[PDB]
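The analysis underlying the following values was restricted to heavy atoms, covering all of them including side chains, and did not include hydrogens, waters or symmetry mates. Every chain is numbered from 1 and lettered A, B, ... according to where its sequence line falls, protein lines coming before strand lines. Just follow the structure's listing: the first ligand is 1, and inside any ligand the first atom is 1.
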Amino acid sequence: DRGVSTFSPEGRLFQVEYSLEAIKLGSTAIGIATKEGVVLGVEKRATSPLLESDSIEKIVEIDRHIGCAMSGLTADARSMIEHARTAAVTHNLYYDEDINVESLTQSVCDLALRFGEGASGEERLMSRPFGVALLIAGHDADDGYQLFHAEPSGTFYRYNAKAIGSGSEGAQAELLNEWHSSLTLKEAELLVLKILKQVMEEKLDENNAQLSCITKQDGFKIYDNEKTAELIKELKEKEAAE
Amino acid sequence: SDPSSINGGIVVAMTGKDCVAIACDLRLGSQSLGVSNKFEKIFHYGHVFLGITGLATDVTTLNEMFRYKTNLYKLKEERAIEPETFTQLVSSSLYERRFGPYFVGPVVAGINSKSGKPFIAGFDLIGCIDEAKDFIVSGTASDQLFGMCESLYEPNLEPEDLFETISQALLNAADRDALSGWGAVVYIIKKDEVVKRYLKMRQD
Amino acid sequence: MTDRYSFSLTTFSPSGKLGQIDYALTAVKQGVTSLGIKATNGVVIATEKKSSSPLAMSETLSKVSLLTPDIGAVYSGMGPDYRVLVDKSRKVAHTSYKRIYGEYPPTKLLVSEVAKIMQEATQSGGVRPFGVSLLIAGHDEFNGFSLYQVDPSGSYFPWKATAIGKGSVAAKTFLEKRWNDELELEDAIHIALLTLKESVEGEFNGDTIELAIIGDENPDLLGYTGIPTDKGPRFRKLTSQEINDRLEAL
Amino acid sequence: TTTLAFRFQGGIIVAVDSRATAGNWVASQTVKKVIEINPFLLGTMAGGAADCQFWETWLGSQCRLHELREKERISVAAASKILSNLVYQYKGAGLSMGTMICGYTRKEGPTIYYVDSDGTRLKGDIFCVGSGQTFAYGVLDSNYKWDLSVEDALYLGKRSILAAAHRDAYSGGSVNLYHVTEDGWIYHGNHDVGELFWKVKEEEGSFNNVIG
Amino acid sequence: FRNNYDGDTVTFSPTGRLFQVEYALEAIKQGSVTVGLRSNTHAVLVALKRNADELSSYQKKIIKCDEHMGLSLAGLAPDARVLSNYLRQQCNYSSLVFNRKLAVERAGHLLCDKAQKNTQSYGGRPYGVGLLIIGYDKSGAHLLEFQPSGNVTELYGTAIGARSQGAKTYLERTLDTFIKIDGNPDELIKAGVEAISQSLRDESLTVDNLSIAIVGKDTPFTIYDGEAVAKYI
Amino acid sequence: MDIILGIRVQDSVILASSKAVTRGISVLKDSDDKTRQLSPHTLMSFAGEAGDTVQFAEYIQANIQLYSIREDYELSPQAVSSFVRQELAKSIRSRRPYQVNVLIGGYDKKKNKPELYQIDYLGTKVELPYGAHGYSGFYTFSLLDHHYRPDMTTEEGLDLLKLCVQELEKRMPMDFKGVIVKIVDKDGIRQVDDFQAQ
Amino acid sequence: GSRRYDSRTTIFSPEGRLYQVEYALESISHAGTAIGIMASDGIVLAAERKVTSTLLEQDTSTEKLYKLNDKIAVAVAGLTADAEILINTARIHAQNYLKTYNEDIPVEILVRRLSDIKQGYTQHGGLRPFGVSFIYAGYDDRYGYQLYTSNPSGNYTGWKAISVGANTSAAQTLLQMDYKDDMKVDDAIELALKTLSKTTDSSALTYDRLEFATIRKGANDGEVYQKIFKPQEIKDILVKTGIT
Amino acid sequence: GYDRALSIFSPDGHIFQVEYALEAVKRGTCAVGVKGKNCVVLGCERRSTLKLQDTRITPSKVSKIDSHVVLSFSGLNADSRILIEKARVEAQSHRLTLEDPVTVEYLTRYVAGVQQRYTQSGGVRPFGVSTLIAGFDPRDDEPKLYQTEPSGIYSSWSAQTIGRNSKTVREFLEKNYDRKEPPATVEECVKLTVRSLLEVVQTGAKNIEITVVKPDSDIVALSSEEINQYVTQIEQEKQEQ
Ligand SMILES: *C(=O)[C@]1([C@@H](O)[C@@H]2C=CCCC2)NC(=O)[C@@H]2CCO[C@@]21C
């Protein structure tokens with residue numbers, strides 16, 4: 001056949017590219033970073049009405065000051081989350097402090113290209129790249145609030161706002177026009193709630209969508225359904241307002 | 001300290017006319033404390049008999065090991081193991097643990113099913129085979145057993161006679177050993193049948 | 001470096017055949033004929049010494065090998081494969097038996113050991129099956145005389161008489177005609193020589209034929225005396241001269 | 001060293017001394033002998049400072065990891081067994097630690113677990129560890145009641161350490177108090193034994209044998 | 001042809017080529033441009049940072065390996081992290097064990113040898129990134145160009161990445177000029193920005209878009225980004 | 001060492017174990033239960049080295065429960081004891097052996113008979129009407145050798161033990177803080193909460 | 001590299017089937033037929049020897065019936081050599097169990113273990129599976145007489161009567177036709193021979209082409225006894241049952 | 001030694017070996033689970049490609065991981081055993097170290113992890129199995145029902161089915177299961193389960209087995225009669241119209 005870490009004639013790694021495709025098929029995830037916190041929202045997208053929506057966990061906590069959202073083959077994200085939680089906790093044990101959001105992200109991205117059938121560079125025992133992208137958001141004293149997009153390629157970009165998943169090209173275009181350096185946390189919330197509604201196949205309600213944020217004061221929190229439902233109602237009103 | 005003097009016990013085997021006998025006491029103690037008066041030290045796999053003195057846990061482990069090995073042997077060879085062969089299996093199994101040996105004193109007894117010839121053999125803890133024609137002793141009262149046997153023994157005794165001889169050897173030797181006694185059992189073996197008799201002795 | 005062939009090279013085809021075993025058997029088919037016959041008091045195995053050149057010294061190449069003092073082997077197929085199989089067999093007779101029980105293994109068990117070695121070359125990663133079929137003849141106290149055949153698959157079966165290789169079909173047929181359960185060793189040797197003649201194209205004498213027997217104990221071949229229970233090997237390769245003497249009464 | 005921890009109606013009282021010695025040398029009179037695993041768990045340190053400090057801080061990291069993984073507060077039983085099993089892995093290596101793992105969970109209520117480097121893990125109501133333990137036990141055993149008030153309980157612990165600080169040459173410095181409630185532990189100050197002794201003597205009338 | 005001889009680095013084509021290696025080199029060309037040039041007192045790295053969206057950051061392209069050494073990358077970022085990390089260890093080793101700063105020429109040899117191993121064995125893949133190493137050691141200022149093929153060359157200046165050829169011709173021209181910008185970092189840096197803008201086309205170098213790094217005689221390898229590079233735009 | 005006693009009567013096995021846990025100069029606990037239920041009809045008592053004691057007991061418990069789930073069946077007492085003997089006989093020749101002695105009392109539902117097994121840390125196993133570990137046997141065996149009868153009722157067994165515990169509380173130098181008694185029979189394992197004065 | 005020559009013995013077909021297992025089963029279907037019939041007072045194992053000659057030594061032969069334990073035996077259908085590899089490990093597992101618990105291994109536990117080993121070659125390792133199917137006839141004190149079957153996939157099931165190898169469809173239909181819960185060993189012995197007799201691809205069904213074994217609990221004893229019939233014994237029972 | 005990447009990505013972003021693993025599940029006998037207000041019921045259908053089996057010994061479809069949790073599945077039988085064993089082992093280890101039995105979600109997340117892992121490790125193919133895991137968290141009375149698949153993904157359901165014709169039976173459940181009023185009885189819950197299976201089992205008294213799980217390790221499997229009784233009362237519900 002062909003090696004799992006082979007280069008295409010264009011200078012790209014097949015498996016990594018094909019990986020990005022699976023990610024495109026995943027549920028939408030959006031992140032907005034403001035000077036008042038970072039918001040992270042996702043599309044639950046249950047496959048049947050019998051599936052209990054709240055058992056869908058696409059937004060998880062890394063540490064009190066770091067949380068993340070996922071899009072793609074979600075099962076592939078578990079070992080990534082584990083590695084992240086361990087990395088942040090370990091850092092605290094060694095340095096009696098919080099791990100910087102960038103550092104935590106870089107650690108996760110280090111697993112990324114550790115795949116192959118015997119690549120001469122160490123002992124990368126993992127048959128294929130991860131099939132899921134991650135939005136890592138957090139806060140730290142040196143660079144305040146931050147949003148990162150970690151891909152199976154091993155590269156991670158910092159964004160003021162970013163969307164990954166099925167409705168990303170569309171949603172990202174929206175974020176391009178909506179984002180500005182002075183958004184309030186509440187604005188970002190509605191804004192994320194709004195874009196999700198535009199790209200989601202289903203009609204967005206507090207059961208097929210979920211919000212969350214991370215603030216320096218209270219850290220990472222996942223908004224419960226009641227809290228979001230109200231924010232949803234508030235959006236419908238401001239939209240019908242003009 | 002001495003793994004061979006913790007539990008106590010003895011075993012003795014003798015050859016007679018077209019027969020062999022193997023006997024042992026039934027004591028199992030923890031130094032001065034008597035713990036069991038039913039710890040038999042004789043086992044058999046087919047028509048081959050094995051007595052074992054020494055550290056009780058090893059006596060138990062070795063029996064379990066030889067059962068295991070003689071079982072597979074039967075399944076592959078499609079016949080029961082013979083005295084001479086088992087003796088070699090015992091030897092090599094013990095030597096395999098040359099630098100971390102089982103603290104035991106094995107004794108093999110039986111009659112070759114094809115030649116009818118009687119057979120007994122002893123081993124040190126690391127497998128050295130002692131193949132005597134007369135008798136073999138083992139245990140905390142082995143010195144006494146050597147004395148008893150050397151005097152009481154004579155060649156070609158009949159089954160009924162060898163029984164008396166081996167029993168008197170075992171009995172009087174055990175009574176001069178603090179760690180032996182509390183019961184005894186004697187096996188009289190012939191080509192066709194094997195009788196097992198429990199003896200009556202002091203219980204102190 | 002490092003053998004990275006950790007997967008089987010012999011696998012099942014849709015028809016359920018195991019290709020490499022089949023091909024190996026085909027290689028056996030092209031090999032020089034060899035045979036074995038069991039008598040009431042012995043066994044004989046024989047083959048043809050197909051000298052690959054007149055400059056070659058046929059004696060320096062034995063197709064009939066002693067595995068234990070009471071067991072011998074002969075084959076048909078790839079000579080180099082046979083040679084290593086004999087080395088491995090002689091060693092396994094020791095490591096898995098003599099060093100444990102203090103005596104040589106009985107024919108069926110040693111055969112079983114060889115068979116296992118062959119079966120593994122049929123499933124282990126990175127290898128091909130052995131391209132040979134062996135005929136092993138031996139004797140042991142509780143089983144008497146026996147003759148076995150071991151094929152590339154690792155399968156083995158007991159025979160009264162049989163042949164393998166080039167003219168196996170013809171030879172097997174000729175054997176079925178002359179074999180009975182009352183043959184004496186000499187009779188089997190005779191029948192063996194006749195059977196082998198039909199398979200030989202050119203010269204047929206004690207220098208072109210290789211033949212051994214599993215029979216009585218040869219105390220003269222022990223090398224020492226003093227131990228009553230040690231009487232000598234039962235395996236004995238016949239000499240060029242010994243064969244010719246019997247060819248005259250052909 | 002003298003450390004104690006006891007269970008009662010209002011939760012758990014934890015009191016320790018703060019002296020560090022190497023032979024007859026007093027290395028410190030202001031050492032911390034209580035590790036704040038996290039806001040709900042406390043650990044006492046007796047024996048080797050490095051060993052206790054290191055593994056109890058590590059315990060903290062393992063508890064945190066548990067709560068992230070199970071989205072639920074770790075039980076005192078479970079936290080104590082993590083330490084216990086770690087320590088048991090090193091049995092024979094020379095670790096030296098006598099410790100009390102204390103917490104208040106909804107599921108268990110007030111819970112104290114004694115854990116030492118021999119691998120021993122014991123659940124109990126009252127525990128005293130250290131070269132001053134016997135002194136503290138004397139005071140504790142005769143005044144302990146399950147229905148003690150949080151105020152009196154705190155004092156009993158403080159007094160028990162005081163008794164030990166006085167008689168045990170390897171105990172003293174100051175007393176560190178802690179009250180453990182289901183909502184977390186509450187620090188109750190650092191009481192210099194020096195001043196505490198004279199004060200207690202006068203107000204209580206005890207320590208009559210000492211001239212003040 | 002090619003298709004049958006490009007499935008892995010362990011295969012030579014009928015003409016003696018190594019396609020996987022060549023495909024790797026392709027990843028560099030697709031990378032943002034970066035430039036390097038040195039006088040006799042300093043060495044400079046000017047790199048164009050590329051952004052994903054206008055809501056994204058401009059990926060860092062310069063990495064410090066020690067106080068006297070550093071590099072710029074073009075291609076797979078992860079591979080530069082690995083290679084620079086290895087360079088960091090090698091510099092660290094030289095210091096700890098021999099109390100000696102690692103020679104820039106020696107670093108080059110070490111990078112070449114690490115890259116070569118990934119082009120002769122089954123299973124691995126060549127590194128897909130180009131590197132420009134600058135540093136001041138016991139023999140002055142230095143600039144090196146590293147190619148995934150394992151080829152490392154010492155130069156006065158150069159550029160790698162998309163449209164790199166612009167800056168490269170400019171430098172090959174300005175040579176006699178900048179090679180003498182001794183004792184004046186600002187002049188060397190400006191010359192670097194002038195070479196890099198020779199590869200622009202899309203936009204123009206902005207504040208959060210330009211990245212510069214310098215090292216020399218009495219200047220520990222330091223990196224300037226944003227406001228700090230404003231005085232060069 | 002602690003007190004580990006066992007007596008097999010007509011239809012049950014009774015195990016008595018001291019409640020004290022002493023660490024050096026002080027008795028840290030006087031309510032310790034030195035036992036683990038291996039299965040509904042099998043109980044194991046233990047005494048020995050500080051940490052090894054419980055770690056071993058719980059390790060054995062885990063394995064039996066796992067076997068019970070996998071096979072949806074309860075291993076016979078004899079089976080559970082051979083498993084335990086082997087575990088200790090392995091340990092005796094390892095880097096750091098388990099210094100634990102145990103008594104295994106179980107009711108064989110298939111044979112409908114109680115069984116008592118004594119196994120020391122070396123993997124020495126024996127089946128007895130009654131047994132003990134440590135010094136305990138020294139003070140009690142003469143009493144059991146005297147009053148023991150194969151047809152004793154559970155009530156008679158408890159009276160014979162009480163006698164043993166009294167002798168122990170008289171001649172033994174240490175205060176083991178009384179014992180916890182448990183009965184194992186056809187209906188399972190139950191604890192005699194009233195022995196502090198039975 | 002090597003990848004080029006890897007058959008990939010452990011992957012799924014687009015239909016979710018395991019190529020190798022399927023092909024191995026196909027291989028097994030050309031193997032001599034083996035029958036297993038469980039009665040109220042025993043179990044019967046019978047097998048047809050594939051390929052034979054006048055010169056084949058039958059007294060010293062065994063290619064289908066193997067003793068695993070003193071209470072368990074198996075009938076083989078497939079590659080003999082592969083079977084022997086599995087049989088030996090099965091024998092070792094039985095003894096390990098015995099030494100650990102001092103009780104003979106329950107029949108299902110041994111079967112599940114052997115099947116688990118087979119299942120392994122199905123999910124990892126890159127090796128061909130064993131071209132073997134077993135019929136297990138054994139007895140234990142928890143379920144008494146039991147009859148099991150395991151194939152290349154690693155699946156196993158219990159039966160009152162069953163067959164493996166060639167013409168199993170024909171054999172199964174005939175068995176399902178005349179089997180009765182209250183059968184007796186002697187009845188089953190007869191059913192077995194009749195079934196093989198009608199499914200043979202050979203002319204007649206003679207003794208030299210059969211192997212026979214029974215696991216009974218000899219009333220005059222109280223223990224379990226396995227009996228691997230000898231040439232002459234098969235020849236006899238072959239006449240009695242009316243097949244001469 | 002063998003570490004070939006069997007589960008890799010294809011151009012369209014799919015992992016065929018995992019995809020084909022699902023196909024093996026579709027082929028397996030149907031399985032269903034529905035949770036009542038105070039229990040969970042697991043139903044499985046029995047094949048009939050061959051019938052002359054010994055039901056006493058032939059491996060049952062519902063397995064107990066611990067005394068309070070059960071696991072059923074659809075797919076390769078040989079594969080399910082590996083998962084069941086690992087799950088049973090992890091159940092004991094959890095009790096040994098946390099001194100508390102596993103929650104149903106925990107046990108599920110474990111099994112799922114093993115599955116996910118087999119989708120990106122060299123030399124191994126994914127599990128051709130999908131599972132339904134049900135039970136009651138220690139000291140809790142709220143019923144739990146989870147489902148896992150080859151990919152390693154898992155989630156909880158009010159009711160769910162897997163295996164052949166699961167498409168059919170799921171529909172039945174989607175228009176016969178009200179989250180507002182879940183089968184408030186062990187009886188009416190078992191009935192709804194039997195009804196859902198009859199949509200695909202086609203008259204199979206001996207082809208339908210049910211297991212009822214109640215709080216506090218109360219688990220029991222119904223007998224042919226008990227079930228057959230439910231079938232009977234159901235065929236009448238139809239005829240009576
Ligand atoms: C008490 O246990 C003690 C302390 O020094 C020590 C210090 C900090 C935390 C752990 C406890 N340990 C010792 O080894 C000395 C000598 C006697 O006891 C100490 C005072």
Side-chain angles (χ1 to χ4, degrees), chain A residues 93 96, chain D residues 1-6 13-38 41-61 79-80 83-84 86-87 90-91 93-102 112-122 124 126-140 157-158 160-178 180 185 187-194 196-197, chain F residues 22-26 28 50:
Chain A
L93 181 57
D96 178 34
Chain D
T1 293
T2 306
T3 60
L4 70 297
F6 67 83
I13 296 315
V14 171
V16 299
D17 75 300
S18 62
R19 178 168 298 182
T21 58
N24 305 312
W25 166 248
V26 170
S28 176
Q29 294 264 56
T30 65
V31 160
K32 279 59 184 177
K33 288 183 173 165
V34 170
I35 292 285
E36 292 156 357
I37 294 11
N38 69 29
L41 301 181
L42 289 181
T44 54
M45 313 197 281
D51 288 340
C52 289
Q53 219 183 66
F54 188 88
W55 293 116
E56 276 181 41
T57 300
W58 169 87
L59 175 52
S61 296
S80 75
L83 179 59
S84 181
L86 180 285
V87 144
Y90 286 88
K91 194 167 173 61
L95 290 181
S96 190
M97 46 207 272
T99 202
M100 265 96 74
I101 308 280
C102 316
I112 314 326
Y113 270 101
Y114 163 76
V115 178
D116 68 29
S117 46
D118 270 0
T120 297
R121 177 161 164 280
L122 295 171
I126 309 183
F127 284 119
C128 296
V129 181
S131 54
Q133 68 173 57
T134 61
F135 297 108
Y137 269 131
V139 174
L140 236 42
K158 192 211 299 179
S160 297
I161 285 305
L162 182 56
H166 177 53
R167 286 294 189 162
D168 179 20
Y170 300 120
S171 276
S174 70
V175 186
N176 278 131
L177 278 168
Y178 279 91
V180 183
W185 50 256
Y187 183 48
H188 277 277
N190 175 271
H191 314 277
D192 180 86
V193 173
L196 177 61
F197 180 84
Chain F
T22 309
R23 284 299 177 278
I25 188 62
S26 307
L28 300 184

In terms of atom number and element, which parts of ligand 1 are under 4.0 angstrom from non-hydrogen atoms of [X]?
{"X": "D:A49", "value": "7 (C), 8 (C), 9 (C), 10 (C)"}
{"X": "D:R19", "value": "4 (C), 5 (O), 20 (C)"}
{"X": "D:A20", "value": "5 (O)"}
{"X": "D:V31", "value": "8 (C)"}

query = Is the count of non-hydrogen atoms from other residues, nucleotides or ligands lying under 6.0 Å from D:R167 atom CZ greater than 12?
reply = no
Nearest non-hydrogen protein atom to atom 10 (C) of ligand 1, with distance, is D:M45 O, 3.5 Å
For atom 2 (O) of ligand 1, the closest protein heavy atom turns out to be D:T1 OG1, 2.3 Å
Any heavy atom of D:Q53 under 4.0 Å from ligand 1? The part involved is neither
At under 4.0 Å between heavy atoms, what of D:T21 touches ligand 1? The answer is both
Taken in chain and number order and not counting sequence neighbours, the residues that satisfy side chain to side chain donor-acceptor pair (under 3.5 Å) with D:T44 are none
(message) Does the residue D:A46 have a heavy-atom contact with ligand 1, meaning some pair of atoms that are separated by less than 4.0 Å?
(response) yes
Query raised in the report: Is D:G47 in contact with ligand 1, taking contact as a heavy-atom separation below 4.0 Å?
Result: yes
| Centroid-centroid distance, D:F127 to D:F6, less than 6.0 Å | no
Partner of D:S18 under side-chain contact (heavy atoms from CB on, under 4.5 Å), picked from D:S28, D:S174, D:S171, is D:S174
- Does D:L83 offer a backbone N or O that forms a donor-acceptor pair with the side chain of D:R121 under 3.5 Å? no
For D:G194, does its backbone N or O pair with a side-chain atom of D:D192 as donor and acceptor, under 3.5 Å?
yes
Hits for salt bridge (charged side-chain N to carboxylate O under 4.0 Å, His left out) against D:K158, two or more places apart or cross-chain, chain-then-number order -> none
